[PDB]
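Everything below belongs to structure_24.csv, which stores CSV, N, CA and C atoms and all ligand atoms.
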chain,number,residue,atom,x,y,z
N,23,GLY,N,0.8,-1.2,0.0
N,23,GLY,CA,0.0,0.0,0.0
N,23,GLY,C,0.8,1.3,0.0
N,24,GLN,N,1.5,1.5,1.1
N,24,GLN,CA,2.4,2.7,1.3
N,24,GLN,C,3.8,2.4,0.9
N,25,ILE,N,4.2,1.1,0.8
N,25,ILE,CA,5.6,0.6,0.4
N,25,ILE,C,5.8,0.5,-1.1
N,26,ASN,N,4.7,0.4,-1.8
N,26,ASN,CA,4.7,0.2,-3.2
N,26,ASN,C,4.6,1.6,-3.9
N,27,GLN,N,5.0,1.6,-5.2
N,27,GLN,CA,5.1,2.9,-5.9
N,27,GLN,C,4.2,3.0,-7.2
N,28,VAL,N,4.1,1.8,-7.8
N,28,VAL,CA,3.4,1.8,-9.1
N,28,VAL,C,2.5,0.6,-9.3
N,29,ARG,N,1.5,0.8,-10.2
N,29,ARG,CA,0.7,-0.3,-10.7
N,29,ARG,C,0.9,-0.4,-12.2
N,30,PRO,N,1.4,-1.6,-12.7
N,30,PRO,CA,1.7,-1.6,-14.1
N,30,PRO,C,0.5,-2.0,-15.0
N,31,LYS,N,0.5,-1.6,-16.3
N,31,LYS,CA,-0.5,-1.9,-17.2
N,31,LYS,C,-0.4,-3.3,-17.7
N,32,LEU,N,-1.5,-3.9,-18.2
N,32,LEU,CA,-1.6,-5.3,-18.5
N,32,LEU,C,-0.6,-5.9,-19.4
N,33,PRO,N,0.0,-5.2,-20.4
N,33,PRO,CA,1.0,-5.8,-21.2
N,33,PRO,C,2.3,-5.9,-20.4
N,34,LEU,N,2.8,-4.8,-19.7
N,34,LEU,CA,4.0,-4.9,-18.9
N,34,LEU,C,3.8,-5.9,-17.7
N,35,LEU,N,2.6,-6.0,-17.2
N,35,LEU,CA,2.3,-6.9,-16.1
N,35,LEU,C,2.3,-8.3,-16.5
N,36,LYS,N,1.9,-8.6,-17.7
N,36,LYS,CA,2.0,-10.0,-18.2
N,36,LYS,C,3.4,-10.5,-18.3
N,37,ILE,N,4.3,-9.5,-18.7
N,37,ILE,CA,5.7,-9.8,-18.7
N,37,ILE,C,6.3,-10.0,-17.3
N,38,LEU,N,6.0,-9.1,-16.4
N,38,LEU,CA,6.5,-9.2,-15.0
N,38,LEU,C,6.0,-10.6,-14.4
N,39,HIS,N,4.8,-11.0,-14.6
N,39,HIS,CA,4.3,-12.2,-14.2
N,39,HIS,C,5.0,-13.4,-14.8
N,40,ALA,N,5.4,-13.3,-16.1
N,40,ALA,CA,6.1,-14.3,-16.8
N,40,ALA,C,7.5,-14.5,-16.2
N,41,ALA,N,8.0,-13.5,-15.5
N,41,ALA,CA,9.3,-13.5,-14.9
N,41,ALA,C,9.3,-14.0,-13.5
N,42,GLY,N,8.1,-14.2,-12.9
N,42,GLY,CA,7.9,-14.8,-11.6
N,42,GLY,C,7.3,-13.9,-10.6
N,43,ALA,N,6.8,-12.8,-11.0
N,43,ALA,CA,6.2,-11.8,-10.2
N,43,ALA,C,4.7,-12.1,-9.9
N,44,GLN,N,4.3,-11.7,-8.7
N,44,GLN,CA,2.9,-11.9,-8.3
N,44,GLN,C,2.3,-10.6,-7.9
N,45,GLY,N,1.0,-10.4,-8.1
N,45,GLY,CA,0.2,-9.2,-7.8
N,45,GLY,C,0.3,-8.1,-8.8
N,46,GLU,N,-0.1,-6.9,-8.3
N,46,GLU,CA,-0.3,-5.8,-9.2
N,46,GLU,C,0.5,-4.5,-8.8
N,47,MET,N,1.1,-4.6,-7.6
N,47,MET,CA,1.7,-3.4,-7.1
N,47,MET,C,3.2,-3.6,-6.8
N,48,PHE,N,4.0,-2.6,-7.1
N,48,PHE,CA,5.5,-2.8,-7.1
N,48,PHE,C,6.2,-1.5,-6.8
N,49,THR,N,7.4,-1.6,-6.4
N,49,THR,CA,8.3,-0.5,-6.5
N,49,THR,C,8.9,-0.4,-7.9
N,50,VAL,N,9.4,0.8,-8.3
N,50,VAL,CA,10.0,0.9,-9.6
N,50,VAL,C,11.2,-0.1,-9.7
N,51,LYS,N,12.0,-0.2,-8.7
N,51,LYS,CA,13.2,-1.1,-8.7
N,51,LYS,C,12.8,-2.6,-8.9
N,52,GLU,N,11.7,-3.1,-8.3
N,52,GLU,CA,11.1,-4.4,-8.6
N,52,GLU,C,10.9,-4.6,-10.1
N,53,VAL,N,10.2,-3.6,-10.7
N,53,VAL,CA,9.8,-3.7,-12.1
N,53,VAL,C,11.0,-3.9,-12.9
N,54,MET,N,12.1,-3.1,-12.6
N,54,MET,CA,13.3,-3.2,-13.4
N,54,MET,C,14.0,-4.6,-13.1
N,55,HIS,N,14.0,-5.0,-11.9
N,55,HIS,CA,14.5,-6.3,-11.5
N,55,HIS,C,13.8,-7.5,-12.2
N,56,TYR,N,12.5,-7.4,-12.3
N,56,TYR,CA,11.7,-8.4,-13.0
N,56,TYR,C,12.0,-8.4,-14.5
N,57,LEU,N,12.1,-7.2,-15.1
N,57,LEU,CA,12.5,-7.1,-16.5
N,57,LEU,C,13.8,-7.7,-16.8
N,58,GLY,N,14.8,-7.4,-15.9
N,58,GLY,CA,16.1,-8.1,-15.9
N,58,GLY,C,16.0,-9.6,-15.9
N,59,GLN,N,15.2,-10.2,-15.1
N,59,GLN,CA,15.0,-11.6,-15.0
N,59,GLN,C,14.3,-12.2,-16.2
N,60,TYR,N,13.3,-11.5,-16.6
N,60,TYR,CA,12.6,-11.8,-17.9
N,60,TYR,C,13.6,-11.9,-19.0
N,61,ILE,N,14.4,-10.9,-19.2
N,61,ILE,CA,15.4,-11.0,-20.3
N,61,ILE,C,16.3,-12.2,-20.2
N,62,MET,N,16.6,-12.6,-19.0
N,62,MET,CA,17.5,-13.7,-18.7
N,62,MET,C,16.9,-15.1,-18.9
N,63,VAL,N,15.7,-15.3,-18.4
N,63,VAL,CA,15.0,-16.6,-18.6
N,63,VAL,C,14.6,-16.8,-20.1
N,64,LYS,N,14.2,-15.8,-20.8
N,64,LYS,CA,13.9,-15.9,-22.2
N,64,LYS,C,15.1,-15.7,-23.1
N,65,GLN,N,16.3,-15.5,-22.5
N,65,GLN,CA,17.5,-15.5,-23.2
N,65,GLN,C,17.5,-14.4,-24.4
N,66,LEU,N,17.3,-13.2,-24.0
N,66,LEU,CA,17.2,-12.1,-24.9
N,66,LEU,C,18.6,-11.4,-25.0
N,67,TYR,N,19.5,-11.6,-24.1
N,67,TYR,CA,20.9,-11.0,-24.3
N,67,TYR,C,21.9,-11.8,-25.0
N,68,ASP,N,23.0,-11.2,-25.4
N,68,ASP,CA,24.1,-11.9,-26.0
N,68,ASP,C,25.0,-12.4,-24.9
N,69,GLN,N,25.1,-13.7,-24.7
N,69,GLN,CA,26.0,-14.3,-23.7
N,69,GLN,C,27.5,-13.9,-23.9
N,70,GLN,N,27.9,-13.5,-25.1
N,70,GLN,CA,29.3,-13.0,-25.3
N,70,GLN,C,29.4,-11.5,-25.3
N,71,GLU,N,28.3,-10.8,-25.3
N,71,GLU,CA,28.3,-9.4,-25.2
N,71,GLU,C,27.1,-8.9,-24.4
N,72,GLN,N,27.2,-9.1,-23.1
N,72,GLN,CA,26.1,-8.9,-22.1
N,72,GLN,C,25.3,-7.7,-22.2
N,73,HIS,N,25.9,-6.5,-22.5
N,73,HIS,CA,25.2,-5.3,-22.5
N,73,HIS,C,24.1,-5.1,-23.6
N,74,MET,N,24.2,-6.0,-24.6
N,74,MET,CA,23.2,-6.0,-25.7
N,74,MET,C,22.0,-6.9,-25.5
N,75,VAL,N,20.8,-6.4,-25.6
N,75,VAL,CA,19.6,-7.1,-25.4
N,75,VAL,C,18.9,-7.1,-26.8
N,76,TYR,N,18.4,-8.3,-27.2
N,76,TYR,CA,17.7,-8.5,-28.4
N,76,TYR,C,16.3,-9.0,-28.1
N,77,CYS,N,15.3,-8.0,-28.3
N,77,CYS,CA,13.9,-8.2,-27.8
N,77,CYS,C,13.0,-8.3,-29.0
N,78,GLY,N,13.4,-7.9,-30.2
N,78,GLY,CA,12.7,-8.1,-31.4
N,78,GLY,C,12.1,-9.5,-31.6
N,79,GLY,N,10.8,-9.5,-31.7
N,79,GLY,CA,10.1,-10.8,-31.9
N,79,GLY,C,9.5,-11.3,-30.5
N,80,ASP,N,9.7,-10.5,-29.5
N,80,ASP,CA,9.2,-10.8,-28.2
N,80,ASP,C,8.2,-9.7,-27.7
N,81,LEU,N,7.3,-10.1,-26.8
N,81,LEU,CA,6.4,-9.1,-26.3
N,81,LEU,C,7.1,-7.8,-25.7
N,82,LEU,N,8.3,-8.0,-25.1
N,82,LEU,CA,9.1,-6.9,-24.6
N,82,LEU,C,9.5,-5.9,-25.8
N,83,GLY,N,9.8,-6.5,-26.9
N,83,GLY,CA,10.2,-5.7,-28.1
N,83,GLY,C,9.1,-4.9,-28.6
N,84,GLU,N,7.9,-5.5,-28.7
N,84,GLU,CA,6.7,-4.8,-29.1
N,84,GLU,C,6.5,-3.6,-28.2
N,85,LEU,N,6.6,-3.9,-26.9
N,85,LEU,CA,6.3,-2.8,-25.8
N,85,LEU,C,7.3,-1.7,-25.9
N,86,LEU,N,8.5,-2.0,-26.2
N,86,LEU,CA,9.6,-1.0,-26.3
N,86,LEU,C,9.7,-0.3,-27.7
N,87,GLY,N,8.9,-0.9,-28.6
N,87,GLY,CA,9.0,-0.5,-30.0
N,87,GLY,C,10.4,-0.6,-30.6
N,88,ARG,N,11.2,-1.6,-30.1
N,88,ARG,CA,12.5,-1.8,-30.6
N,88,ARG,C,12.9,-3.3,-30.9
N,89,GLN,N,14.0,-3.4,-31.7
N,89,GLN,CA,14.5,-4.7,-32.1
N,89,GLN,C,15.6,-5.1,-31.1
N,90,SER,N,16.4,-4.2,-30.7
N,90,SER,CA,17.5,-4.4,-29.8
N,90,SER,C,17.9,-3.1,-29.2
N,91,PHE,N,18.6,-3.2,-28.1
N,91,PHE,CA,19.1,-2.0,-27.4
N,91,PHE,C,20.3,-2.3,-26.5
N,92,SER,N,21.2,-1.4,-26.3
N,92,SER,CA,22.3,-1.5,-25.3
N,92,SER,C,21.7,-1.0,-23.9
N,93,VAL,N,22.1,-1.8,-22.9
N,93,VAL,CA,21.6,-1.5,-21.5
N,93,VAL,C,22.3,-0.2,-21.0
N,94,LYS,N,23.3,0.3,-21.8
N,94,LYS,CA,24.0,1.5,-21.4
N,94,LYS,C,23.2,2.7,-21.8
N,95,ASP,N,22.1,2.6,-22.5
N,95,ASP,CA,21.2,3.6,-22.9
N,95,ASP,C,19.8,3.4,-22.3
N,96,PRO,N,19.5,3.9,-21.0
N,96,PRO,CA,18.2,3.9,-20.4
N,96,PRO,C,17.0,4.3,-21.2
N,97,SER,N,17.2,5.3,-22.1
N,97,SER,CA,16.2,5.9,-22.9
N,97,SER,C,14.9,5.0,-23.2
N,98,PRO,N,15.0,4.0,-24.0
N,98,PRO,CA,13.8,3.3,-24.4
N,98,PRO,C,13.1,2.6,-23.3
N,99,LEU,N,13.8,2.2,-22.2
N,99,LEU,CA,13.3,1.6,-21.1
N,99,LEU,C,12.5,2.6,-20.2
N,100,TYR,N,13.1,3.7,-19.8
N,100,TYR,CA,12.5,4.8,-19.0
N,100,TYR,C,11.2,5.3,-19.7
N,101,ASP,N,11.3,5.6,-21.0
N,101,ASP,CA,10.2,6.0,-21.8
N,101,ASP,C,9.0,5.0,-21.9
N,102,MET,N,9.3,3.7,-22.0
N,102,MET,CA,8.3,2.7,-21.9
N,102,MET,C,7.7,2.6,-20.5
N,103,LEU,N,8.4,2.7,-19.5
N,103,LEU,CA,7.9,2.7,-18.1
N,103,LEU,C,7.0,3.8,-17.8
N,104,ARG,N,7.3,5.0,-18.3
N,104,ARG,CA,6.4,6.2,-18.2
N,104,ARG,C,5.1,6.0,-18.8
N,105,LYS,N,5.0,5.2,-19.9
N,105,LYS,CA,3.8,4.9,-20.6
N,105,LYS,C,3.1,3.6,-20.0
N,106,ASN,N,3.7,2.9,-19.2
N,106,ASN,CA,3.1,1.6,-18.7
N,106,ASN,C,3.0,1.5,-17.1
N,107,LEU,N,3.5,2.5,-16.4
N,107,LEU,CA,3.5,2.5,-15.0
N,107,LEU,C,2.5,3.6,-14.4
N,108,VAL,N,1.4,3.2,-13.9
N,108,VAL,CA,0.4,4.1,-13.2
N,108,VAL,C,0.9,4.3,-11.7
N,109,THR,N,1.0,5.6,-11.4
N,109,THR,CA,1.5,5.9,-10.0
N,109,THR,C,0.5,5.9,-9.0
Q,1,LIG,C1,22.0,-2.0,-14.0
Q,1,LIG,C2,20.9,-2.7,-14.7
Q,1,LIG,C3,20.0,-1.8,-15.5
Q,1,LIG,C4,20.3,-1.5,-16.9
Q,1,LIG,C5,19.5,-0.7,-17.6
Q,1,LIG,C6,18.3,-0.2,-17.0
Q,1,LIG,CL1,17.3,0.9,-17.9
Q,1,LIG,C7,18.0,-0.5,-15.7
Q,1,LIG,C8,18.8,-1.3,-15.0
Q,1,LIG,CL2,18.3,-1.7,-13.3
Q,1,LIG,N1,21.3,-3.9,-15.6
Q,1,LIG,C9,22.6,-4.1,-15.9
Q,1,LIG,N2,22.6,-5.1,-16.6
Q,1,LIG,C10,21.3,-5.6,-16.9
Q,1,LIG,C11,21.0,-6.8,-17.7
Q,1,LIG,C12,21.8,-7.1,-18.8
Q,1,LIG,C13,21.7,-8.2,-19.6
Q,1,LIG,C14,20.6,-9.1,-19.3
Q,1,LIG,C15,19.7,-8.9,-18.2
Q,1,LIG,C16,19.9,-7.7,-17.4
Q,1,LIG,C17,20.5,-4.7,-16.1
Q,1,LIG,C18,19.0,-4.7,-16.0
Q,1,LIG,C19,18.2,-5.0,-14.9
Q,1,LIG,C20,18.7,-5.2,-13.5
Q,1,LIG,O1,17.8,-5.1,-12.6
Q,1,LIG,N3,20.0,-5.3,-13.2
Q,1,LIG,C21,20.7,-5.4,-12.0
Q,1,LIG,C22,20.3,-4.6,-11.0
Q,1,LIG,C23,21.1,-4.6,-9.8
Q,1,LIG,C24,20.7,-3.6,-8.7
Q,1,LIG,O2,19.7,-2.9,-8.8
Q,1,LIG,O3,21.5,-3.5,-7.6
Q,1,LIG,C25,22.1,-5.5,-9.6
Q,1,LIG,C26,22.5,-6.3,-10.7
Q,1,LIG,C27,21.8,-6.3,-11.9
Q,1,LIG,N4,22.1,-7.1,-12.9
Q,1,LIG,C28,21.6,-8.5,-12.8
Q,1,LIG,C29,21.8,-9.4,-14.1
Q,1,LIG,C30,23.3,-9.2,-14.5
Q,1,LIG,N5,23.6,-10.2,-15.6
Q,1,LIG,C31,23.2,-9.9,-17.0
Q,1,LIG,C32,23.3,-11.1,-17.9
Q,1,LIG,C33,24.7,-11.8,-17.6
Q,1,LIG,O4,24.6,-12.2,-16.2
Q,1,LIG,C34,24.3,-11.3,-15.3
Q,1,LIG,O5,24.7,-11.6,-14.2
Q,1,LIG,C35,23.6,-7.8,-14.8
Q,1,LIG,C36,23.4,-6.9,-13.5
Q,1,LIG,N6,17.0,-4.8,-15.3
Q,1,LIG,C37,16.9,-4.5,-16.6
Q,1,LIG,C38,15.7,-4.3,-17.3
Q,1,LIG,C39,15.9,-4.0,-18.7
Q,1,LIG,CL3,14.5,-3.7,-19.7
Q,1,LIG,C40,17.2,-4.0,-19.3
Q,1,LIG,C41,18.3,-4.2,-18.5
Q,1,LIG,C42,18.1,-4.4,-17.1
Q,2,NA,NA,15.1,-16.1,-27.0
Output the file's structure in the form of structure tokens.
Ligand SMILES: C[C@@H](c1ccc(Cl)cc1Cl)n1cnc(-c2ccccc2)c1-c1c(C(=O)Nc2cc(C(=O)O)ccc2N2CCC(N3CCCOC3=O)CC2)[nH]c2cc(Cl)ccc12
Ligand code: NA
Amino acid sequence: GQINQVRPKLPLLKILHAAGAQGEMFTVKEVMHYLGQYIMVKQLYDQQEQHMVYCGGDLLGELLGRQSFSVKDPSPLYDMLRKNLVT
């Protein structure tokens, strides 16, 4: 209630749930932690070049409107969160 920060929209929430999350309310940090785990279980990163994520062809790619991105550039993630996180 008071410890949580956001309620995610159904597409982002379906992803968070696929990563092992339960419920509807989260901190921002949780959301990012679950997206990190999602990327890892579905093997979206390059094992030989960790900072590159390949999300094209996955629900996450659709949601970010991208094929791939470097984790060194917050941009497409932060922008996606602003559109999918209800405060
Ligand atoms: C800083 C962070 C990041 C980078 C960018 C942004 Cl915008 C936000 C964020 Cl918190 N990070 C760095 N590398 C990845 C990332 C990179 C590739 C795949 C998955 C996640 C991530 C991501 C996390 C995440 O929570 N990371 C994380 C957070 C913490 C912490 O809060 O104290 C500690 C350790 C962390 N990581 C665990 C897996 C490790 N990892 C990656 C694969 C190889 O093995 C491995 O141990 C790499 C570090 N979440 C994400 C979500 C998305 Cl959409 C994209 C990337 C990440
Ligand atoms: Na994959």
Counting only C-alpha atoms and all ligand atoms, which residues of chain N fall within 8 Å of ligand NA 2 (chain Q), and what is the closest atom pair for each with its distance in Å at one decimal, ordered by chain and rising number, as CSV?
residue,atom,partner,partner_atom,distance
N:64,CA,Q:NA2,NA,5.0
N:65,CA,Q:NA2,NA,4.5
N:66,CA,Q:NA2,NA,5.0
Which residues of chain N come within 6.5 Å of ligand LIG 1 (chain Q), and what is each one's closest atom pair and distance in Å (one decimal), counting only N, CA and C atoms and all ligand atoms, sorted by chain and residue number, as CSV?
residue,atom,partner,partner_atom,distance
N:53,C,Q:LIG1,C38,6.5
N:54,C,Q:LIG1,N6,3.7
N:55,CA,Q:LIG1,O1,3.7
N:56,N,Q:LIG1,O1,5.8
N:57,C,Q:LIG1,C38,3.9
N:58,N,Q:LIG1,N6,3.5
N:59,N,Q:LIG1,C15,5.6
N:61,C,Q:LIG1,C15,5.1
N:62,N,Q:LIG1,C15,4.9
N:66,C,Q:LIG1,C14,6.5
N:67,CA,Q:LIG1,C14,5.4
N:72,C,Q:LIG1,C13,4.5
N:73,CA,Q:LIG1,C12,5.3
N:74,N,Q:LIG1,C13,6.0
N:75,CA,Q:LIG1,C13,6.3
N:93,C,Q:LIG1,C5,4.4
N:94,N,Q:LIG1,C5,5.8
N:95,C,Q:LIG1,CL1,5.6
N:96,CA,Q:LIG1,CL1,4.0
N:97,N,Q:LIG1,CL1,6.1
N:99,CA,Q:LIG1,CL1,5.2
N:100,N,Q:LIG1,CL1,5.4
* **Gap from atom N of residue N:33 to atom CA of residue N:68 - Å, one decimal** =>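 Those two atoms sit 25.6 Å apart.
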* Using only N, CA and C atoms, which of N:83, N:60, N:69, N:101 sits nearest residue N:42? ->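 Nearest candidate to residue N:42 out of N:83, N:60, N:69, N:101: N:60.
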* To do: State, in Å with one decimal place, the distance from atom CA of residue N:49 to atom N of residue N:25.
  =>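 Separation of atom CA of residue N:49 and atom N of residue N:25: 8.5 Å.
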* Interatomic distance, atom N of residue N:81 to atom C of residue N:37 (Å, one decimal) -> 9.6 Å
* Spatial neighbours of stretch 85-89 of chain N, 7 Å, all atoms listed in the file, chain gap at least 5 places, as number ranges by chain -> N: 75-80, 98-99, 102
* Identify which of the residues N:43, N:82, N:71, N:109 lies closest to residue N:26, counting only N, CA and C atoms when measuring atom-to-atom distances. => N:109
I want to know what sits within 9 Å of residue N:35, based on only C-alpha atoms, with residues of the same chain fewer than 5 positions away left out; could you give that as a PDB file with N, CA and C atoms, in the frame of the given file?
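New file result32.pdb:
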ATOM      1  N   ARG N  29       1.500   0.800 -10.200  1.00  0.00           N
ATOM      2  CA  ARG N  29       0.700  -0.300 -10.700  1.00  0.00           C
ATOM      3  C   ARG N  29       0.900  -0.400 -12.200  1.00  0.00           C
ATOM      4  N   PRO N  30       1.400  -1.600 -12.700  1.00  0.00           N
ATOM      5  CA  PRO N  30       1.700  -1.600 -14.100  1.00  0.00           C
ATOM      6  C   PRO N  30       0.500  -2.000 -15.000  1.00  0.00           C
ATOM      7  N   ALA N  40       5.400 -13.300 -16.100  1.00  0.00           N
ATOM      8  CA  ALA N  40       6.100 -14.300 -16.800  1.00  0.00           C
ATOM      9  C   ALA N  40       7.500 -14.500 -16.200  1.00  0.00           C
ATOM     10  N   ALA N  43       6.800 -12.800 -11.000  1.00  0.00           N
ATOM     11  CA  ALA N  43       6.200 -11.800 -10.200  1.00  0.00           C
ATOM     12  C   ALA N  43       4.700 -12.100  -9.900  1.00  0.00           C
ATOM     13  N   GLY N  45       1.000 -10.400  -8.100  1.00  0.00           N
ATOM     14  CA  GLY N  45       0.200  -9.200  -7.800  1.00  0.00           C
ATOM     15  C   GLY N  45       0.300  -8.100  -8.800  1.00  0.00           C
ATOM     16  N   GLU N  46      -0.100  -6.900  -8.300  1.00  0.00           N
ATOM     17  CA  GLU N  46      -0.300  -5.800  -9.200  1.00  0.00           C
ATOM     18  C   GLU N  46       0.500  -4.500  -8.800  1.00  0.00           C
ATOM     19  N   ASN N 106       3.700   2.900 -19.200  1.00  0.00           N
ATOM     20  CA  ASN N 106       3.100   1.600 -18.700  1.00  0.00           C
ATOM     21  C   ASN N 106       3.000   1.500 -17.100  1.00  0.00           C
TER      22      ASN N 106
END
* Go through chain N and collect every residue that DSSP, computed from the backbone, puts in alpha helix (DSSP H); the answer should be as a VMD selection string. => chain N and resid 32 to 40 50 to 63 81 to 86 97 to 106
Step by step: locate stretch 34-58 of chain N in the block above, keep N, CA and C atoms, then write the file as a compact mmCIF listing (two decimals), in the first residue's frame.
# COMPACT_ATOMS: atom_id res chain seq x y z
N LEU N 34 2.78 -4.84 -19.74
CA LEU N 34 3.96 -4.89 -18.88
C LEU N 34 3.78 -5.88 -17.73
N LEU N 35 2.57 -5.96 -17.18
CA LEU N 35 2.26 -6.86 -16.07
C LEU N 35 2.34 -8.34 -16.47
N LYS N 36 1.92 -8.63 -17.70
CA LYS N 36 1.97 -9.99 -18.23
C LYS N 36 3.41 -10.46 -18.34
N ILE N 37 4.30 -9.51 -18.65
CA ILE N 37 5.74 -9.77 -18.71
C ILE N 37 6.31 -10.02 -17.32
N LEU N 38 5.99 -9.13 -16.38
CA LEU N 38 6.47 -9.23 -15.00
C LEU N 38 6.05 -10.56 -14.39
N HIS N 39 4.80 -10.95 -14.64
CA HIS N 39 4.28 -12.24 -14.19
C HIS N 39 5.04 -13.41 -14.82
N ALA N 40 5.35 -13.30 -16.11
CA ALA N 40 6.11 -14.35 -16.79
C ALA N 40 7.50 -14.52 -16.17
N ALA N 41 8.00 -13.47 -15.53
CA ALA N 41 9.32 -13.48 -14.90
C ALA N 41 9.29 -14.04 -13.47
N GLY N 42 8.10 -14.23 -12.92
CA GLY N 42 7.94 -14.81 -11.59
C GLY N 42 7.29 -13.90 -10.58
N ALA N 43 6.79 -12.75 -11.04
CA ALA N 43 6.18 -11.76 -10.17
C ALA N 43 4.74 -12.13 -9.88
N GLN N 44 4.25 -11.70 -8.72
CA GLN N 44 2.87 -11.92 -8.33
C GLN N 44 2.26 -10.59 -7.94
N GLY N 45 0.95 -10.45 -8.15
CA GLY N 45 0.24 -9.24 -7.76
C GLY N 45 0.28 -8.12 -8.79
N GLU N 46 -0.05 -6.91 -8.33
CA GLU N 46 -0.31 -5.78 -9.21
C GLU N 46 0.46 -4.53 -8.80
N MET N 47 1.07 -4.56 -7.62
CA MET N 47 1.71 -3.38 -7.06
C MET N 47 3.18 -3.61 -6.78
N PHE N 48 4.01 -2.64 -7.15
CA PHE N 48 5.46 -2.81 -7.10
C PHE N 48 6.18 -1.50 -6.84
N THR N 49 7.43 -1.61 -6.43
CA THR N 49 8.33 -0.47 -6.49
C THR N 49 8.85 -0.39 -7.93
N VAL N 50 9.41 0.77 -8.30
CA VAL N 50 10.05 0.90 -9.60
C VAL N 50 11.19 -0.12 -9.72
N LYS N 51 12.01 -0.23 -8.68
CA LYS N 51 13.17 -1.13 -8.66
C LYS N 51 12.80 -2.60 -8.94
N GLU N 52 11.71 -3.06 -8.34
CA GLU N 52 11.14 -4.37 -8.60
C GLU N 52 10.86 -4.58 -10.08
N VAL N 53 10.17 -3.60 -10.67
CA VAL N 53 9.80 -3.67 -12.08
C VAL N 53 11.04 -3.87 -12.93
N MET N 54 12.09 -3.10 -12.64
CA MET N 54 13.34 -3.22 -13.37
C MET N 54 14.03 -4.55 -13.11
N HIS N 55 13.98 -5.01 -11.86
CA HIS N 55 14.55 -6.30 -11.48
C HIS N 55 13.84 -7.47 -12.17
N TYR N 56 12.52 -7.41 -12.25
CA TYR N 56 11.74 -8.42 -12.97
C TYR N 56 11.96 -8.39 -14.50
N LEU N 57 12.12 -7.20 -15.08
CA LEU N 57 12.45 -7.11 -16.50
C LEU N 57 13.83 -7.71 -16.77
N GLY N 58 14.79 -7.43 -15.88
CA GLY N 58 16.10 -8.07 -15.95
C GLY N 58 16.03 -9.59 -15.94
